[PDB]
Amino acid sequence: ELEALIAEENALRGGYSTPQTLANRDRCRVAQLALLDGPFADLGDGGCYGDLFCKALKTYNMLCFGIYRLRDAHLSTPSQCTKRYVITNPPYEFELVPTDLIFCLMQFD
Amino acid sequence: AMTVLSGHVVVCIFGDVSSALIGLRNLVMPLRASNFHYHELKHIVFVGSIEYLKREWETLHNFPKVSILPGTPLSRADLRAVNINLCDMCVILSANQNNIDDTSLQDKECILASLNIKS
């Protein structure tokens, strides 16, 4: 319907909302949350990444995607490199540093 | 849209400043021929770029029942505004046809405007 309105108008417009219009807030939103601080920070040093996303499920049905960990966060020699790199689909037995950002999707607002 | 045009004539033009002057006086002359009456005389609206319309308006001013819609002949909203449905004949003309040197551009616009009107 949006594509048809685009083909007919070539400019998005505004309309008066309705309850069915307000039902178009139901896109399960993308987000990037921190692992060091928050309600999920209760574990930050485990290795049970499986239990991590199962806790995310049983908490808010928060679908994890993957770990956005720093490059030298897997090292013992402490550098000052804040460049993080993505990892897609971490397994169940994947470790976890507290200094971490996570790719997660909470439910639609 | 508020100008009710039924049975009229719309003309689509793919013109620009770089395009050559087509010359539409020869087109609009036998529409205003005196073998009919003034009530029978159809209305004409030109859809396209106002740059080409400005380049040709110095020739196109002494004629009745003539409108100009600046815009784009590919615009479905502009076609709905000029009521192509009720329009007797859409005329799709191209002005860049003798400056482009490729079949990919040759009549490409005309084919698109025809397909959009058919769709």
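Chains as they are written, first to last, in PDB author numbering: chain D, 948 to 1056; chain A, 711 to 829. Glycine is no exception: its CB is placed at the ideal position from the N, C-alpha and C atoms.
Nearest by alpha-carbon distance to residue i: which of the options is it?
i, options, result
"D:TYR996", "D:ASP1019, D:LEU952, D:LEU1043", "D:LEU1043"
"A:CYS820", "A:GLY758, A:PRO780, A:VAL792, A:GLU768", "A:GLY758"
"D:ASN1008", "D:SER964, D:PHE1055, D:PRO966, D:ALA1020", "D:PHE1055"
"D:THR1035", "D:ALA1020, D:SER1023, D:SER1026, D:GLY1013", "D:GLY1013"
"A:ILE754", "A:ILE732, A:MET712, A:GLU761, A:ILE794", "A:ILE794"
"A:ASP798", "A:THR813, A:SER744, A:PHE773, A:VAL721", "A:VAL721"
"D:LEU999", "D:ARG974, D:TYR1039, D:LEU952", "D:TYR1039"
"A:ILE760", "A:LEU715, A:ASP726, A:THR713, A:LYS828", "A:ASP726"
"A:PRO740", "A:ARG790, A:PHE773, A:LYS764, A:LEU796", "A:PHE773"
"A:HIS747", "A:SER716, A:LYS775, A:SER804, A:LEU822", "A:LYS775"
"A:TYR762", "A:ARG790, A:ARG742, A:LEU784, A:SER728", "A:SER728"
At a Cβ threshold of 8 Å, is residue i touching chain D?
i, result
"A:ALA730", "no"
"A:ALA787", "yes"
Round the Cβ separation of residue i and residue j to the nearest angstrom and send it over; I've been treating them as touching at under 8 Å.
i, j, result
"D:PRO1037", "D:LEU983", "Wrong, their Cβ atoms sit about 17 Å apart, outside the cutoff."
"A:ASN809", "A:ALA730", "7 Å"
"D:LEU1048", "D:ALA981", "6 Å"
"A:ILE802", "A:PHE756", "At roughly 12 Å, the Cβ-Cβ gap does not stay under 8 Å, so A:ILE802 and A:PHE756 are not in contact."
"D:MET1053", "D:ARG976", "6 Å"
"A:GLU768", "A:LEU734", "Contact flag wrong, Cβ pair sits at about 12 Å."
"A:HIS718", "A:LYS752", "6 Å"
Kindly indicate if chain A contains any beta-carbon less than 8 Å away from that of residue i.
i, result
"D:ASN971", "no"
"D:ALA988", "no"
"D:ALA981", "no"
Could you tell me if residue i is buried or exposed, where buried requires 16 or more neighbouring beta carbons within 10 angstroms of its beta carbon?
i, result
"residue 895 of chain D", "Absent from the structure is residue 895 of chain D, since the part of chain D shown begins at 948 and ends at 1056."
"D:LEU949", "exposed"
"D:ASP992", "exposed"
"A:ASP811", "exposed"
"D:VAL1033", "exposed"
"A:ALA711", "exposed"
"A:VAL714", "exposed"
"D:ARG1016", "buried"
So if DSSP puts residue i in a beta bridge, which residue, or which two residues, is it bridged to?
i, result
"A:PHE756", "A:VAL721, A:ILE778"
"D:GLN979", "D:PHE1050"
"A:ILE810", "In the DSSP output, where bridge partners are listed per residue, A:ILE810 has none listed."
"D:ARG1031", "D:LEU1017"
"A:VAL727", "DSSP lists no partner for A:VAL727."
>> Any C-beta of chain B within less than 8 Å: which residues of the region 948-979 of chain D qualify?
In response: Any reference to chain B falls outside this structure, whose protein chains are D and A.
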